[PDB]
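Listing of start24.cif, mmCIF, C-alpha atoms
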```cif
data_start
loop_
_atom_site.label_atom_id
_atom_site.label_comp_id
_atom_site.auth_asym_id
_atom_site.auth_seq_id
_atom_site.Cartn_x
_atom_site.Cartn_y
_atom_site.Cartn_z
CA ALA A 2 147.21 -180.93 76.90
CA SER A 3 146.82 -182.68 73.47
CA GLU A 4 149.63 -185.04 72.31
CA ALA A 5 150.30 -182.45 69.58
CA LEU A 6 151.69 -180.03 72.28
CA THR A 7 154.80 -182.26 72.87
CA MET A 8 155.43 -182.32 69.08
CA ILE A 9 155.24 -178.48 68.84
CA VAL A 10 157.52 -178.10 71.93
CA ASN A 11 160.07 -180.52 70.36
CA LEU A 12 160.01 -178.56 67.04
CA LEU A 13 160.54 -175.20 68.85
CA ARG A 14 163.33 -176.52 71.17
CA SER A 15 165.31 -177.58 68.04
CA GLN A 16 164.44 -174.71 65.63
CA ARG A 17 164.94 -171.95 68.28
CA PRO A 18 163.73 -169.34 65.79
CA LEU A 19 164.64 -166.32 68.08
CA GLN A 20 168.27 -167.64 68.54
CA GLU A 21 169.56 -167.40 64.90
CA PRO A 22 172.89 -165.55 64.58
CA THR A 23 171.63 -162.78 62.20
CA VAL A 24 168.31 -160.95 61.80
CA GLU A 25 168.05 -162.22 58.18
CA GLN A 26 168.54 -165.84 59.41
CA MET A 27 165.79 -165.26 62.05
CA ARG A 28 163.45 -163.84 59.34
CA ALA A 29 164.18 -166.74 56.93
CA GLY A 30 163.86 -169.33 59.78
CA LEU A 31 160.35 -168.15 60.69
CA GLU A 32 159.28 -168.05 56.96
CA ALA A 33 160.58 -171.67 56.62
CA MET A 34 158.54 -172.78 59.69
CA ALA A 35 155.34 -170.96 58.48
CA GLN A 36 155.45 -172.70 54.99
CA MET A 37 154.83 -176.03 56.93
CA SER A 38 151.15 -174.87 57.53
CA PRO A 39 150.15 -174.14 53.89
CA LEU A 40 147.02 -172.08 52.89
CA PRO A 41 143.70 -173.83 52.15
CA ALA A 42 142.75 -173.39 48.44
CA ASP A 43 139.55 -171.40 49.40
CA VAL A 44 141.66 -168.49 50.85
CA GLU A 45 141.75 -165.35 48.62
CA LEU A 46 144.76 -163.01 49.20
CA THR A 47 144.80 -159.54 47.52
CA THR A 48 147.89 -157.29 47.96
CA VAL A 49 146.89 -153.59 48.62
CA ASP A 50 148.57 -150.23 49.42
CA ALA A 51 146.81 -149.51 52.77
CA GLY A 52 147.44 -145.72 52.72
CA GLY A 53 151.26 -146.08 52.31
CA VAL A 54 151.56 -149.38 54.29
CA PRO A 55 151.72 -152.60 52.22
CA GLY A 56 149.03 -155.11 53.12
CA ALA A 57 147.08 -158.15 52.07
CA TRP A 58 143.32 -158.61 52.24
CA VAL A 59 142.65 -162.16 53.52
CA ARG A 60 139.15 -163.45 52.62
CA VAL A 61 137.49 -166.90 53.02
CA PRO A 62 134.14 -168.09 51.61
CA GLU A 63 132.05 -167.05 54.68
CA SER A 64 133.81 -163.62 55.17
CA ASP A 65 131.19 -160.83 55.80
CA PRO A 66 132.63 -158.20 53.40
CA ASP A 67 131.74 -155.28 55.78
CA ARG A 68 133.48 -156.75 58.90
CA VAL A 69 137.25 -156.24 59.18
CA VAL A 70 140.07 -157.23 61.52
CA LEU A 71 143.29 -155.21 61.17
CA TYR A 72 145.85 -157.95 62.02
CA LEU A 73 149.28 -157.00 63.48
CA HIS A 74 151.76 -159.91 63.25
CA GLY A 75 154.30 -160.87 65.94
CA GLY A 76 158.06 -161.32 65.68
CA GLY A 77 159.58 -158.96 68.27
CA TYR A 78 159.07 -155.89 65.97
CA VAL A 79 161.99 -157.43 63.98
CA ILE A 80 160.72 -160.58 62.12
CA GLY A 81 157.46 -161.89 60.66
CA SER A 82 155.70 -160.94 57.43
CA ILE A 83 152.56 -161.45 55.36
CA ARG A 84 154.01 -164.93 54.56
CA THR A 85 154.53 -165.97 58.24
CA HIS A 86 151.05 -164.88 59.44
CA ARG A 87 148.70 -165.30 56.42
CA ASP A 88 147.64 -168.77 57.76
CA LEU A 89 146.73 -167.41 61.24
CA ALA A 90 144.98 -164.47 59.47
CA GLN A 91 142.78 -166.83 57.34
CA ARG A 92 141.91 -169.00 60.41
CA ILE A 93 140.68 -165.84 62.24
CA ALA A 94 138.81 -164.67 59.05
CA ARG A 95 137.08 -168.09 59.03
CA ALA A 96 136.22 -168.15 62.77
CA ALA A 97 135.05 -164.47 62.95
CA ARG A 98 133.40 -164.64 59.44
CA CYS A 99 135.16 -161.38 58.43
CA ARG A 100 137.86 -159.99 56.12
CA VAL A 101 141.36 -159.55 57.60
CA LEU A 102 143.76 -156.77 56.56
CA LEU A 103 147.23 -158.21 57.28
CA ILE A 104 149.75 -155.34 57.16
CA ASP A 105 153.49 -155.32 56.49
CA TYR A 106 154.31 -152.66 59.14
CA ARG A 107 157.90 -151.35 59.17
CA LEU A 108 160.33 -153.63 61.08
CA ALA A 109 163.37 -152.93 63.27
CA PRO A 110 166.33 -152.63 63.27
CA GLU A 111 165.88 -150.89 59.86
CA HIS A 112 162.83 -148.91 61.13
CA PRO A 113 162.84 -148.35 64.91
CA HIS A 114 159.91 -147.35 67.13
CA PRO A 115 157.66 -145.52 66.37
CA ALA A 116 157.56 -146.72 62.71
CA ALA A 117 155.39 -149.80 63.50
CA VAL A 118 152.74 -147.65 65.34
CA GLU A 119 152.81 -144.97 62.60
CA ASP A 120 152.01 -147.78 60.09
CA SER A 121 149.27 -149.55 62.16
CA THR A 122 147.48 -146.23 62.85
CA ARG A 123 147.79 -145.24 59.12
CA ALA A 124 146.26 -148.59 58.01
CA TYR A 125 143.32 -148.20 60.46
CA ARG A 126 142.66 -144.61 59.25
CA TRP A 127 142.89 -145.90 55.62
CA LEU A 128 140.20 -148.53 56.42
CA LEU A 129 137.94 -145.67 57.70
CA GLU A 130 138.78 -143.50 54.62
CA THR A 131 137.81 -146.40 52.27
CA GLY A 132 134.45 -146.97 54.04
CA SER A 133 134.91 -149.51 56.90
CA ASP A 134 132.86 -148.62 60.03
CA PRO A 135 134.41 -148.90 63.53
CA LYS A 136 131.34 -150.80 64.88
CA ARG A 137 132.23 -153.60 62.36
CA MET A 138 136.04 -153.46 62.93
CA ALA A 139 138.55 -154.94 65.41
CA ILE A 140 142.34 -154.85 65.86
CA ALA A 141 144.14 -158.11 66.67
CA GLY A 142 147.74 -159.22 66.98
CA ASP A 143 150.12 -161.80 68.43
CA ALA A 144 153.20 -161.24 70.64
CA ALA A 145 154.88 -157.93 69.52
CA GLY A 146 151.71 -157.45 67.40
CA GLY A 147 149.60 -157.83 70.59
CA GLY A 148 151.61 -155.02 72.18
CA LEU A 149 151.24 -153.07 68.90
CA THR A 150 147.42 -153.63 69.06
CA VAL A 151 147.27 -151.85 72.46
CA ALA A 152 149.66 -149.08 71.34
CA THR A 153 147.59 -148.59 68.11
CA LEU A 154 144.36 -148.21 70.16
CA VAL A 155 146.05 -145.66 72.50
CA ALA A 156 147.47 -143.64 69.54
CA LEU A 157 144.09 -143.70 67.67
CA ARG A 158 142.21 -142.64 70.86
CA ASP A 159 144.68 -139.75 71.47
CA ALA A 160 144.16 -138.57 67.82
CA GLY A 161 140.32 -138.46 68.29
CA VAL A 162 139.84 -141.42 65.88
CA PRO A 163 136.78 -143.60 66.60
CA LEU A 164 137.92 -146.88 68.20
CA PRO A 165 136.78 -150.30 66.90
CA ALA A 166 134.21 -152.65 68.49
CA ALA A 167 136.86 -154.87 70.15
CA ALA A 168 140.51 -155.90 70.17
CA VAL A 169 142.38 -159.18 70.63
CA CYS A 170 145.93 -159.76 71.99
CA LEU A 171 147.55 -163.23 71.64
CA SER A 172 150.49 -163.63 74.11
CA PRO A 173 151.19 -159.85 73.93
CA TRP A 174 154.68 -158.43 74.52
CA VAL A 175 154.19 -155.18 76.51
CA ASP A 176 157.27 -155.16 78.90
CA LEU A 177 160.41 -154.50 76.80
CA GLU A 178 162.65 -154.94 79.94
CA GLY A 179 161.57 -158.58 80.69
CA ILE A 180 161.09 -157.91 84.46
CA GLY A 181 157.86 -159.95 84.89
CA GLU A 182 158.11 -162.79 87.45
CA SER A 183 157.31 -165.42 84.70
CA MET A 184 160.43 -164.28 82.74
CA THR A 185 162.27 -166.19 85.55
CA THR A 186 159.70 -168.77 86.79
CA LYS A 187 158.56 -170.05 83.30
CA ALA A 188 162.03 -169.98 81.61
CA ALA A 189 162.30 -173.83 82.02
CA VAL A 190 158.93 -174.58 80.25
CA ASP A 191 159.06 -171.90 77.46
CA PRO A 192 160.63 -173.44 74.31
CA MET A 193 160.52 -170.21 72.20
CA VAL A 194 160.84 -167.00 74.30
CA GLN A 195 163.61 -166.16 76.77
CA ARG A 196 164.87 -162.88 78.21
CA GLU A 197 168.08 -162.64 76.10
CA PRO A 198 166.34 -162.76 72.66
CA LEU A 199 163.59 -160.39 73.86
CA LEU A 200 166.19 -157.83 75.01
CA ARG A 201 168.05 -158.27 71.63
CA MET A 202 164.88 -157.38 69.69
CA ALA A 203 163.83 -154.66 72.19
CA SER A 204 167.23 -152.97 71.59
CA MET A 205 166.64 -153.03 67.78
CA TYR A 206 163.10 -151.57 68.20
CA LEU A 207 163.97 -148.90 70.84
CA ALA A 208 167.29 -147.69 69.33
CA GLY A 209 168.25 -146.19 72.74
CA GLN A 210 164.74 -144.82 73.58
CA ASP A 211 163.41 -145.32 77.14
CA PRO A 212 162.22 -148.97 77.35
CA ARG A 213 159.11 -147.66 79.23
CA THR A 214 158.17 -145.37 76.25
CA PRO A 215 154.36 -145.85 76.41
CA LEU A 216 153.65 -146.56 72.68
CA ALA A 217 156.61 -149.06 72.63
CA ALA A 218 155.73 -150.65 76.02
CA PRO A 219 152.00 -150.17 76.61
CA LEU A 220 152.20 -151.52 80.18
CA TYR A 221 153.14 -147.81 80.78
CA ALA A 222 150.43 -146.29 78.51
CA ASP A 223 147.15 -144.64 79.53
CA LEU A 224 144.54 -147.31 78.59
CA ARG A 225 141.35 -145.37 79.56
CA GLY A 226 138.60 -145.58 76.92
CA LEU A 227 139.86 -148.70 75.09
CA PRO A 228 137.21 -151.10 73.73
CA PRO A 229 136.62 -154.62 75.06
CA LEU A 230 139.88 -156.67 75.01
CA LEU A 231 140.39 -160.43 74.77
CA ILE A 232 143.88 -161.44 75.98
CA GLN A 233 144.75 -165.12 75.28
CA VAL A 234 148.04 -166.34 76.84
CA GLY A 235 149.61 -169.73 77.63
CA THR A 236 150.77 -170.66 81.15
CA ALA A 237 154.01 -172.19 79.68
CA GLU A 238 155.16 -168.67 78.68
CA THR A 239 157.86 -166.33 80.00
CA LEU A 240 155.43 -163.63 78.67
CA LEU A 241 152.58 -164.86 80.95
CA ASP A 242 153.05 -161.89 83.33
CA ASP A 243 152.97 -159.46 80.35
CA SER A 244 149.31 -160.55 79.84
CA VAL A 245 148.54 -160.55 83.61
CA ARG A 246 150.01 -157.02 84.07
CA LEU A 247 148.24 -155.74 80.91
CA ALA A 248 144.87 -157.08 82.23
CA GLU A 249 145.53 -155.38 85.61
CA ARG A 250 146.39 -152.02 83.96
CA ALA A 251 143.47 -152.16 81.48
CA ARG A 252 140.89 -153.10 84.19
CA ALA A 253 142.27 -150.34 86.49
CA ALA A 254 141.57 -147.92 83.53
CA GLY A 255 137.93 -149.15 83.21
CA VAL A 256 138.45 -151.33 80.10
CA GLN A 257 136.34 -154.48 79.63
CA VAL A 258 139.09 -157.15 79.74
CA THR A 259 138.76 -160.91 79.29
CA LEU A 260 142.05 -162.56 80.34
CA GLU A 261 142.15 -166.22 79.16
CA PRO A 262 145.15 -168.23 80.47
CA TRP A 263 145.39 -171.57 78.55
CA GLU A 264 147.03 -174.27 80.74
CA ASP A 265 150.40 -175.54 79.40
CA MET A 266 150.10 -173.61 76.08
CA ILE A 267 153.24 -172.07 74.53
CA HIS A 268 153.80 -168.69 72.84
CA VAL A 269 151.29 -168.02 70.00
CA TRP A 270 150.15 -171.67 70.10
CA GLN A 271 147.25 -170.50 67.83
CA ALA A 272 149.76 -170.38 64.90
CA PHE A 273 150.06 -174.23 65.19
CA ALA A 274 146.23 -174.79 64.87
CA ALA A 275 146.75 -177.05 61.77
CA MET A 276 148.23 -179.70 64.17
CA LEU A 277 147.36 -178.43 67.71
CA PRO A 278 143.72 -178.86 68.84
CA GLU A 279 144.05 -176.10 71.53
CA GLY A 280 145.23 -173.77 68.71
CA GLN A 281 141.99 -174.31 66.73
CA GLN A 282 139.92 -174.11 70.00
CA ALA A 283 141.57 -170.74 70.89
CA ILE A 284 140.89 -169.38 67.34
CA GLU A 285 137.21 -170.47 67.60
CA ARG A 286 137.09 -168.47 70.91
CA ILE A 287 138.59 -165.39 69.12
CA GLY A 288 135.83 -165.65 66.45
CA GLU A 289 133.09 -166.02 69.12
CA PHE A 290 134.45 -162.93 70.96
CA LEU A 291 134.55 -160.76 67.81
CA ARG A 292 131.10 -161.87 66.55
CA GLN A 293 129.60 -161.13 70.03
CA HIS A 294 131.00 -157.55 69.94
CA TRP A 295 129.82 -156.97 66.31
CA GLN A 296 126.18 -158.07 67.12
#
```

Using the file provided, produce a representation of the structure as structure tokens.
Amino acid sequence: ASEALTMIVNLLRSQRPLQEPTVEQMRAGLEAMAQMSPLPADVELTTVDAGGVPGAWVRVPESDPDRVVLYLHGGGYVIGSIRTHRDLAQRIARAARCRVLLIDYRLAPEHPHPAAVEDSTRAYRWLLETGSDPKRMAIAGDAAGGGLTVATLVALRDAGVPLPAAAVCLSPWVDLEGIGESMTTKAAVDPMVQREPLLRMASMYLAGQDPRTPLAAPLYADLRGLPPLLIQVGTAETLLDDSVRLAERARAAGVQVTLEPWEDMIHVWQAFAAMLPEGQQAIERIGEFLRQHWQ
């Protein structure tokens, strides 16, 4: 891997953003880390009420105004915000030549499951109501947001809503019990995600609900009829087997799946694209995938 990977690993091993003693310290810690990758001056952000869900339109000079990605940020359903993910949003807008709607979906523990899925489905329906066309749309998300992307597609399908052209999952979290083999075998090489913090956040999101609840843990959802999926995941991830098991379930349900395992990459390495060449390479691949499915 690039030299930059060792630098990102060293930062994460020291910051340990999922190991802060309070939820507010975890939220503030991630916001502090995100402000290190500051927005290019050509990014336009417009706050919007996306049908009762706060959001930001993210636009760059070559954004096609009629193509839209609904972007669902990661953070265990507990942390993350418009501020933590606006840089990843603008990099995808730039690569896919589209507008991105980055939503502030309700977070746990304040708002347990299914609040996040209620908000993502509301924002997608709002995009349709305000004139976006599914053939020019996609849903994308990282980590918890990658799980939320799959759950959003399932909920929309089940409500008879037309599904978008494609969807993208970056290191998705779809097993809220952490029983994948990699949760053991990759624990040594993962500097960000371990079982104990995942179970902490899963408890906040589930609030005592079955951890195999299909819209919380879409490894247990019916995936038939979903649009083409790109799953990007790093091999230095305890969540590697979340992606592998999701690909298996989706393909078994007839979904076009592209599973891309990136050797030695860490959780949501794309967020470090300002410094990490493999992060920018992975984002260029996301843009290629979306533009292919919008042709």

Give me, as a ChimeraX atom specification, all polymer residues having an atom no more than 8 Å from region 53-56 of chain A, counting all atoms listed in the file and skipping those fewer than 4 positions away in the same chain. /A:48-49,83,102-106,120,123-124

Expanded to explicit residues, what is the PyMOL selection byres ((chain A and resi 225) around 7) for this file, as a list in words?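 Selected by the PyMOL selection byres ((chain A and resi 225) around 7) here: residues 223, 224, 226, 227, 254, 255 and 256 of chain A.
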
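Among A:165, A:115, A:77, A:198, the residue with the shortest atom-to-atom distance to residue 140 (chain A), counting all atoms listed in the file, is A:165.
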
To box region 26-31 of chain A, take all atoms listed in the file, fit an axis-aligned box, add 4 Å on each side, and give centre and edge lengths in Å to one decimal, as JSON.
```
{"center_x": 164.4, "center_y": -166.6, "center_z": 59.5, "size_x": 16.2, "size_y": 13.5, "size_z": 13.1}
```

My list of candidates is A:82, A:214, A:172, A:271. Which is closest to residue 145 (chain A) when distances are computed with only C-alpha atoms?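 Nearest to residue 145 (chain A): A:172.
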
Can you give me, as a VMD selection string, the residues this file yields under the PyMOL selection byres ((chain A and resi 138) around 9)? chain A and resid 67 to 71 133 to 137 139 to 140 164 to 168 291 295

Closest to residue 194 (chain A) among A:50, A:45, A:238, A:211, using only C-alpha atoms? A:238

Residues near residue 262 (chain A), anyone? I mean within 9 Å using all atoms listed in the file, not counting same-chain ones fewer than 3 positions away, as a list in words.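 Within the cut-off, the hits are residues 232, 233, 234, 235, 236, 241, 244, 245 and 266 of chain A.
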
Minimum-distance residue to residue 169 (chain A), chosen among A:113, A:76, A:228, A:192 (using only C-alpha atoms): A:228

Residue 296 (chain A) proximity check over A:13, A:200, A:90, A:97, using only C-alpha atoms: winner is A:97

For residue 15 (chain A), which residue among A:79, A:34, A:118, A:222 is the nearest when counting only C-alpha atoms?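 Going through A:79, A:34, A:118, A:222 one by one, the smallest distance to residue 15 (chain A) is for A:34.
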
Could you tell me how far CA of residue 75 (chain A) sits from CA of residue 19 (chain A), in Å to one decimal place?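 Computing it gives 11.9 Å between the two atoms.
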
Applied to this file, what does the PyMOL selection byres ((chain A and resi 176) around 12) return in terms of residues, put as a PyMOL selection string? chain A and resi 77+144-145+147-149+172-175+177-184+196+199-200+203+211-222+239-247

As an mmCIF file, in the coordinates of the input, could you write out region 208-220 of chain A once it has been completed with N, CA and C atoms?
```cif
data_model
loop_
_atom_site.group_PDB
_atom_site.id
_atom_site.type_symbol
_atom_site.label_atom_id
_atom_site.label_comp_id
_atom_site.auth_asym_id
_atom_site.auth_seq_id
_atom_site.Cartn_x
_atom_site.Cartn_y
_atom_site.Cartn_z
ATOM 1 N N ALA A 208 166.174 -148.530 69.818
ATOM 2 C CA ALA A 208 167.290 -147.690 69.330
ATOM 3 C C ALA A 208 167.652 -146.640 70.390
ATOM 4 N N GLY A 209 167.787 -147.062 71.645
ATOM 5 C CA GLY A 209 168.250 -146.190 72.740
ATOM 6 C C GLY A 209 167.135 -145.397 73.400
ATOM 7 N N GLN A 210 165.888 -145.502 72.926
ATOM 8 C CA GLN A 210 164.740 -144.820 73.580
ATOM 9 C C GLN A 210 164.447 -145.524 74.906
ATOM 10 N N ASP A 211 163.814 -144.794 75.828
ATOM 11 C CA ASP A 211 163.410 -145.320 77.140
ATOM 12 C C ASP A 211 162.623 -146.607 76.924
ATOM 13 N N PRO A 212 162.978 -147.742 77.555
ATOM 14 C CA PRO A 212 162.220 -148.970 77.350
ATOM 15 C C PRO A 212 160.809 -148.916 77.946
ATOM 16 N N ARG A 213 160.482 -147.870 78.709
ATOM 17 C CA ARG A 213 159.110 -147.660 79.230
ATOM 18 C C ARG A 213 158.351 -146.620 78.395
ATOM 19 N N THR A 214 158.868 -146.240 77.221
ATOM 20 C CA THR A 214 158.170 -145.370 76.250
ATOM 21 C C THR A 214 156.774 -145.952 76.035
ATOM 22 N N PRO A 215 155.680 -145.232 76.357
ATOM 23 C CA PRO A 215 154.360 -145.850 76.410
ATOM 24 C C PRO A 215 153.842 -146.496 75.105
ATOM 25 N N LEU A 216 154.120 -145.932 73.935
ATOM 26 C CA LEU A 216 153.650 -146.560 72.680
ATOM 27 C C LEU A 216 154.580 -147.712 72.269
ATOM 28 N N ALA A 217 155.741 -147.896 72.911
ATOM 29 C CA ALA A 217 156.610 -149.060 72.630
ATOM 30 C C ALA A 217 156.265 -150.166 73.635
ATOM 31 N N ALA A 218 155.912 -149.762 74.855
ATOM 32 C CA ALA A 218 155.730 -150.650 76.020
ATOM 33 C C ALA A 218 154.427 -150.257 76.694
ATOM 34 N N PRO A 219 153.276 -150.694 76.153
ATOM 35 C CA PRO A 219 152.000 -150.170 76.610
ATOM 36 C C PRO A 219 151.557 -150.570 78.019
ATOM 37 N N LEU A 220 152.363 -151.365 78.727
ATOM 38 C CA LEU A 220 152.200 -151.520 80.180
ATOM 39 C C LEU A 220 152.299 -150.148 80.846
#
```
